[PDB]
Amino acid sequence: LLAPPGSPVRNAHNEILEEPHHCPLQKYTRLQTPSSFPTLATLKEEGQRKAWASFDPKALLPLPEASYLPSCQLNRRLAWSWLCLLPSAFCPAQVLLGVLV
């Protein structure tokens, strides 16, 4: 994706003799980090920490609905929740790798 084949073959004579000399290091373009490969334990720990860092009871029970509920129903409604995450959302992008066991 970042470098499709089709570039002209490198010529030593052109790089040495011709003026101005043409080398792949002459014209350089800044490159953003395309992707990274994280360890599975780091992925799991980061997911757990991020999930527990955004657990707001006030967000799950918006007013004025939460003001007309007894204790048991409120605690029952706060019992369960779920979260979803995406690879490309992180900077830089992450790619999963492992062995199916």
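Residues numbered from 1 in each chain as written, not as in the entry; some residues may be left out. Part of a larger assembly, values for the part shown. Heavy atoms only, no water.

- As documented in the archive entry, the model was determined using cryo-EM at 3.43 Å resolution.

- As named in the PDB entry, the protein chain is CST complex subunit CTC1, taken from Homo sapiens.
- Its official PDB title, as written in the record, is "Human CST-DNA polymerase alpha/primase preinitiation complex bound to 4xTEL-foldback template".

### Let's talk about the overall build of the protein chain
Line of reasoning, step 1. Secondary structure assignment for the protein chain yields four helices and two strands.
Line of reasoning, step 2. If you list the helices and strands of the protein chain from N to C, you get α-β-α-α-α-β.
Line of reasoning, step 3. For 101 residues, the compact-globule estimate of 2.2 N^0.38 gives 13 Å, and the C-alpha radius of gyration of the protein chain, at 27 Å, exceeds that figure by more than 25%.
Line of reasoning, step 4. Principal axes of the C-alpha set define a box for the protein chain whose edges measure 85 × 40 × 20 Å.
Line of reasoning, step 5. Buried residues in the protein chain amount to 3% of all 101 residues. (Helix = DSSP H or I, 4+ residues; strand = E, 2+ residues; numbered from the N terminus. Rg over C-alpha atoms; globule rule 2.2 N^0.38 Å. Buried < 20%, exposed > 50% of the residue type's maximum accessible area, 1.4 Å probe, protein only.)

### Considering a nonpolar patch on the surface
Line of reasoning, step 1. Taken together, the side chains of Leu-1, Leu-2 and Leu-31 make up a nonpolar region of the molecular surface, amounting to roughly 430 Å² of accessible area.
Line of reasoning, step 2. Within the secondary structure, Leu-1 sits in the segment before α1 (12–16). (Patch = residues over 30% accessible without salt bridge, like charges linked within 9 Å, V, L, I, M, F, W, Y side chains within 5 Å. Areas by Shrake-Rupley, 256 points an atom, 1.4 Å probe, with all protein chains shown as cover. Salt bridge = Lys/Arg side-chain N within 4 Å of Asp/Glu carboxyl O.)

### Overview of the packing of aromatic side chains
Line of reasoning, step 1. Applying the stated criterion to the full structure yields one aromatic pair.
Line of reasoning, step 2. Between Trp-52 and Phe-55, the aromatic rings sit 5.7 Å apart at their centres with planes inclined by 75°, giving edge-to-face as the arrangement.
Line of reasoning, step 3. Exposure remark for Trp-52: the relative accessible area of 65% places this residue in the exposed category. (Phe/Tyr/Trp six-rings, centres within 6.5 Å; stacked < 30°, edge-to-face > 60°.)

### Remarks on the environment of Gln-26
Line of reasoning, step 1. Secondary-structure assignment places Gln-26 in the loop between α1 and β1 (35–36).
Line of reasoning, step 2. By relative accessible area, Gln-26 is classed as partly exposed at 36%.
Line of reasoning, step 3. Excluding anything up to four places from it in sequence, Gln-26 contacts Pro-20 and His-21. (Contact = heavy atoms within 4.5 Å.)

### Focus: unusual backbone geometry
Line of reasoning, step 1. The omega torsion across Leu-63 and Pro-64 is 0°, close enough to zero to call that bond cis.
Line of reasoning, step 2. Here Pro-64 lies in the loop between α3 (57–60) and α4 (71–77).
Line of reasoning, step 3. For the peptide bond that leads from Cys-91 to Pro-92, omega is 0°, which places it in the cis range.
Line of reasoning, step 4. Note that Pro-92 resides in the loop between α4 and β2 (93–94).

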